[PDB]
Amino acid sequence: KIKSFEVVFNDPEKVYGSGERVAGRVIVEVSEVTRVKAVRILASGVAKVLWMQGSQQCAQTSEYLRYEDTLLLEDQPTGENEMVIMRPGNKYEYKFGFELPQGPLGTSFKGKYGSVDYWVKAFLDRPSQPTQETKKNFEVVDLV
């Protein structure tokens, strides 16, 4: 496991609405010289609700956001299995950005049970190591 691997949003205490851009960096630091195969991103948003209508139990589960990407450093290059070399004393910043869908995100769900769970996970792939993951939640609001 490397020195530091973090999702960092450009505005850390933001609540993002429907249709809005969520942007930040995945920041990587190492303590020894290390080759990196890829940094990948999964942003996920799932909402669930359960409610009663008279005797009828109702439930809904929506995966409203699924964004997957491979991020790039602006500087170090690519090509068939070209890998970035990371060295101690540097912060490697991988920019990301995606838009939330228009429409509901789950925050208006009404009933006896409601949840919305939105986050970004980043994945660091390295030769001869298992993938390392980091995960950071973010907050959303329906704008409809």
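For the sequence shown, the authors' numbering puts the final residue at 149, and the numbers step up evenly by one. Even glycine gets a Cβ: it sits at the ideal position worked out from N, Cα and C.
{"Check": "Buried or exposed for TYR118, going by 16 or more other Cβ atoms inside 10 Å?", "Outcome": "exposed"}
{"Check": "Between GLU34 and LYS8, how many whole angstroms is the CB-CB distance? I'm expecting something under 8 Å.", "Outcome": "5 Å"}
{"Check": "How would you call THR75, buried or exposed, if buried means at least 16 neighbouring beta carbons within 10 angstroms?", "Outcome": "exposed"}
{"Check": "Taking the DSSP output, what are the residues bridged to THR75?", "Outcome": "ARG45"}
{"Check": "Do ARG30 and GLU98 have their C-beta atoms within less than 7 Å of each other?", "Outcome": "yes"}
{"Check": "Any beta carbon from chain B within less than 7 Å of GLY108's own beta carbon?", "Outcome": "Of the protein chains in the structure, only one exists, and it is not chain B."}
{"Check": "Locate the beta strand (DSSP E) running through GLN137, then write down its first and last residues.", "Outcome": "137-142"}
{"Check": "Beta-carbon within less than 8 Å of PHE143's beta-carbon, same chain only, minus the 5 sequence neighbours each way: which residues are those?", "Outcome": "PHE14, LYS19, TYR21, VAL27, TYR123, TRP124 and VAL125"}
{"Check": "Whose C-beta lies closer than 7 Å to the C-beta of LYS42 among residues of the same chain, with five residues either side of it excluded?", "Outcome": "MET88, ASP130, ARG131 and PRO132"}
{"Check": "Do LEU110 and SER23 come within 7 Å of each other at the CB atom, strictly closer than that value?", "Outcome": "yes"}
{"Check": "Can you tell which of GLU73, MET91, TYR72 and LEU70 has its C-alpha closest to the C-alpha of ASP80?", "Outcome": "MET91"}
{"Check": "Does the separation of the CB atoms of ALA52 and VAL121 fall below 7 Å?", "Outcome": "yes"}
{"Check": "Using 8 Å for Cβ pairs, my map puts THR112 next to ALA127. What's the rounded Cβ distance?", "Outcome": "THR112 to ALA127, Cβ: 25 Å. No contact."}
{"Check": "Note down the Cα distance separating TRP56 from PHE114, rounded to an integer number of angstroms.", "Outcome": "9 Å"}
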